[PDB]
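Just the one chain here, the form deposited in one PDB entry, laid out as structure tokens.
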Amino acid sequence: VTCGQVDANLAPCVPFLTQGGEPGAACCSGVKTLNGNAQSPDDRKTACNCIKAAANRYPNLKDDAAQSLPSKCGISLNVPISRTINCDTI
């Protein structure tokens, strides 16, 4: 996994993550794809650091949307979308 792959997977989620509402089907599909790449501990740590940079990338990101994205998409997300996540604990 690479940070560009992660960015591409999270792109459809930016409207939901910065404006609220509901994640679209495209957003949930991208998150599902990225979750499928974060299997191994090293994949999980790398994807986590990429997701952290991406989260800090988007302005006025709403943490309620980030926290509720896994339940709104039906995913047990192995890498949380946080600006402040310590990826070593993943």
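One rule holds for the numbers: they count along the sequence shown, beginning at 1. So that the term is clear: the rigid core is the largest set of C-alpha atoms that superpose within 1.5 Å between two forms.
**34-42 set against 47-55, stretch whose average Cα temperature factor tops the other in the entry** = According to the entry, 34-42 carries the higher average C-alpha B-factor.
**Request:** Specify which of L10, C73, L17, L77 carries the largest Cα B factor in the deposited PDB entry.
**Result:** By C-alpha B-factor in the record, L77 ranks first.
**Request:** For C28, return the chain-relative third of its C-alpha B-factor as stated in the PDB record: lowest, middle or highest.
**Result:** Lowest third.
**Item:** Lowest, middle or highest third - CA B-factor, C87
**Value:** Answer is middle: the recorded C-alpha B-factor places it there.
**Request:** Classify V1 as lowest, middle or highest third according to the C-alpha B-factor given in the PDB entry, relative to its own chain.
**Result:** Ranked within chain, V1 CA B lands in the highest tercile.
If you look for the form deposited in another entry, you will not find it shown, but the lines that follow are about it.
**Request:** Could you tell me whether the Cα atom of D63 shifts by at least 2 Å between this form and the one not shown after core superposition?
**Result:** Moves: yes, 2 Å or greater.
**Asked** Does superposing the core leave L77 with a CA shift of 2 Å or more between this form and the one not shown?
**Response** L77: C-alpha displaced by 2 Å or more between this form and the one not shown.
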